[PDB]
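Take a look at this one chain, the form deposited in one PDB entry, written out in structure tokens.
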């Protein structure tokens, strides 16, 4: 996992076009009509992890191997959702434990543009200041009300929960990690998307786009569901289902 066949080149408000297929685990969750409402990450051939607040139903579809959503020449993979596993400790009030697993009704076919991201150890630690990457088809301006056609990427630092609280107060729980306030910002449409850091040579999913500034302020840290604090749950679900 976490080893793209097409190495991503790095130089979402203030993002930048990603190299096509350089983030192979990035999927798009779309409704019946093809509307993109959230991102997601392939953790293996049968499961996708996304944010719990996306409210995904088996009536939705997972799209893999996609770069330009407006194109019809790409070799994408529309997969069906067999079952949705929402985290029981999720609270739409505190937006904590914002995670949901999606078991596919048909395994994906890994190739050069479709593969899995790695999951961390419940004990794994990622230092503040660490540069990581987030991706997605979220607005590129809060003033756009229209998502970009092509997948965006952005580099951003991780903040310590302590500094992050200077921005959001006590809304920041232990199952949350912040990144940003550096010139970039996730935005409407990025929810469920990944926040990955490269460790020991492979890309690891350390965060899931959750919530942040109502105007995608590039100078306010964004909040992501903290994967290290949720992997045990993820693992048990896979093991039992």
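The term rigid core refers to the most C-alpha atoms you can superpose between the two forms while keeping them within 1.5 Å. Numbering follows the first chain given and starts at 1.
Here the subject shifts to the form deposited in another entry, a form of this protein not shown in this document.
Only one of 163, 94, 77, 144 has its C-alpha shifted by 2 Å or more between this form and the one not shown once the core is superposed, and that residue is 144. Residue 188 shows a C-alpha shift of 2 Å or greater between this form and the one not shown [criterion: core-superposed Cα displacement of 2 Å].
Whereas the shown form places them at one spacing, the Cα atoms of residue 189 and residue 193 lie at least 3 Å closer in the other entry. A change of 3 Å or more separates the two forms for residue 141 and residue 193: their C-alpha atoms lie closer together in the other entry.
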